[PDB]
Amino acid sequence: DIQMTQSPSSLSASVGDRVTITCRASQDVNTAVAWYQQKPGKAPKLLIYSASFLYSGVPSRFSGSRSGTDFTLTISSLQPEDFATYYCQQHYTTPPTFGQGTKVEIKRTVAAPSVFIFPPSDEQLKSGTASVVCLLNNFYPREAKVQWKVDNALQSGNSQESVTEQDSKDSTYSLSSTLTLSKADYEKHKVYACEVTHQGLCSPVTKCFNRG
Amino acid sequence: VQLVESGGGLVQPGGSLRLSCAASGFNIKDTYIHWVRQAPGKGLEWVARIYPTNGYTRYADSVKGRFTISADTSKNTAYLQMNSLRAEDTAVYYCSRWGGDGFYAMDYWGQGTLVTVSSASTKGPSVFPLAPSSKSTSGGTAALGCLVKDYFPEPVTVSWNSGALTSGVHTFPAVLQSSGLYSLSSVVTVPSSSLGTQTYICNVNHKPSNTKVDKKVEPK
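Taken in sequence, the protein lines are chains B and A. Everything in the first sequence is counted per the authors' numbering, starting at 1 for the first residue and increasing by one. If you count by the authors' numbering, then the second sequence holds residues 2 to 52, 52A, 53 to 82, 82A to 82C, 83 to 100, 100A to 100C, 101 to 214, one letter each, in order.
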């Protein structure tokens, strides 16, 4: 079963950079190699077939190359819409096998999150659980910190983060952080804040509300 | 050309499932068909294939003897009988096709179906609005959303004003609560100049619990 060894496993490049990804087959595989791009949630799209040919509907900026057992996909001018994992596959033998794949993150100018905080709904509160949601919108880089302060008392073990894969147009990210509390527990406090720390901020921003 | 995976969801360890791959726009006789699989956060592992004319299949060690690919030439369809299922075979299940006779790249794929292999029960999500701030800067940009909470398994699909509102939409990847249940949110940012006037409604689909909520996120 031919192995396919992929380099790198991750890559940040900027818009209008040439980036290049290499794939090394264990045994020989002729021209028997295809290059597919998979976007978040979406299924893989063919980019290159037979190592050097540019599938129909694949923008010219993509290109492929074979030097012996070493295979090279090249993005001549990287575009935000290029964000994806890209996988090399050989089909010379069964099983056709894949590289572990290469995560291409676009690299743009440092961007400050917009923060919004959302009190629990009336209708959840009637079901004896309280969901407080802090949102961070359209920042760069993907690296942040959100802390939760109830009546200025810091919290822990009672919040859960989730980050969007990098937007395709503006190369930015967004983050959701969720504090949960029994209606019982929630009603024993008034000042809900979430502290947010990020590169684009020369000071931590806190959004807050009072229960009322 | 189209390939449409069906018959994938939740299933007990040990249990059975039969994935359906519906072709249109080309005869499945004239090509090979593949079933490639993506475990959560992992890469593509190829799983099996078949030349619908003869029915000559090939399978991967991990799945040999346990799974069984077949093809109904009449309905233009391919099947994956899956048996002795376990935590290992919990992944997305794509169905693809080799090109012609001498161009053996995989040019067309389904959208994929999530197969989750738990014996935990299916559970239907509640939806709750995330209502735009009163403060509303003065007229710049507002946020608003739907929280979607306590469903099993994945996946959940959220749209907005039924497909009519796409720019500014951030449907977060779901997070697994210690309860063993899922919750995400979806948020859209919009001109604070328009909170009353315009209507914003999130459409929540969870097929696992045949759920269609159309929640109208009002200011407060």
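Yeah, the Cβ is synthetic: ideal placement off N, Cα and C, and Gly gets one too.
| Item | Value |
| --- | --- |
| Separation of residue 35 of chain B from residue 104 of chain B, as counted between CA atoms | 14 Å |
| Below-8 Å beta-carbon distance, residue 101 of chain B vs any chain A residue | yes |
| Under the three-state DSSP convention, the category residue 43 of chain A falls into | coil |
| Whole-Å CB distance - residue 14 of chain A paired with residue 111 of chain A, under 8 Å assumed | 6 Å |
| Interface partners of residue 58 of chain A on chain B, CB under 9 Å | 94, 95 |
| Minimum Cβ-Cβ distance from residue 104 of chain A to chain B less than 8 Å | yes |
| Chain A within 8 Å of residue 84 of chain B, Cβ atoms only | no |
| Secondary structure of residue 144 of chain B, DSSP reduced to three states | coil |
| Short CB-CB distance (under 8 Å) between residue 147 of chain B and chain A | no |
| Partners in chain B for residue 101 of chain A, counting only beta-carbon separations shorter than 8 Å | 46, 49, 55 |
| Residues that residue 164 of chain B contacts on chain A, provided the C-beta gap is smaller than 9 Å | 164, 165, 166, 167 |
| Residue span of the beta strand (DSSP E) that contains residue 210 of chain A, given as start and end | 205 to 210 |
| Where the alpha helix (DSSP H) containing residue 184 of chain B begins and where it ends | 183 to 187 |
| Beta carbon proximity, residue 207 of chain A to chain B, threshold 8 Å | no |
| Residues bridged to residue 184 of chain A (per DSSP) | A:136 |
| CA-to-CA distance, residue 93 of chain A to residue 186 of chain B, given in whole angstroms | 50 Å |
| Residue closest to residue 86 of chain A, alpha-carbon to alpha-carbon, out of A:76, A:102, A:67 | A:67 |
| Under 9 Å from the C-beta of residue 30 of chain B: neighbouring residues of chain A | Chain A residues near residue 30 of chain B: none, gap ~11 Å exceeds 9 Å. |
| Selection from A:100C, A:133, A:144, A:134 that minimises the alpha carbon distance to residue 127 of chain B | A:144 |
| Endpoints, the alpha helix (DSSP H) within which residue 122 of chain B is located | 122 to 125 |
| Residue 190 of chain B (DSSP reduced to helix, strand or coil) | coil |
| Within chain D, the residues that residue 123 of chain B reaches when beta carbons sit closer than 7 Å | The structure shown has no chain D; the protein chains it does contain are B and A. |
| For residue 50 of chain A, the residue or residues it bridges with in DSSP | A:35, A:58 |
| Nearest residue (CA-CA) to residue 123 of chain B, options A:141, A:204, A:198 | A:141 |
| Cutoff 8 Å: residue 33 of chain A Cβ touching any chain B Cβ | no |
| Sequence-distant residues of the same chain with beta carbon closer than 6 Å to residue 166 of chain A, five excluded per side | 178, 179 |
| Proximity test, Cβ basis, 8 Å: residue 157 of chain A and chain B | no |
| Element boundaries [beta strand (DSSP E), containing residue 210 of chain B] | 205 to 210 |
| Where the beta strand (DSSP E) through residue 175 of chain A begins and ends | First-last for residue 175 of chain A: undefined, no H or E at that position. |
| Collapsed DSSP secondary structure at residue 63 of chain A in the structure displayed | helix |
| Residue 69 of chain B versus B:52, B:24, B:190, B:98, residue with shortest Cα-Cα distance | B:24 |
| Exposure of residue 207 of chain B, with buried meaning 16 or more beta-carbon neighbours within 10 Å | buried |
| Spatial distance of residue 183 of chain A from residue 41 of chain A (CA atoms) | 29 Å |
| Segment contact, 8 Å Cβ cut-off, at least three pairs: the segment 151 to 162 of chain B with the segment 8 to 26 of chain A | no |
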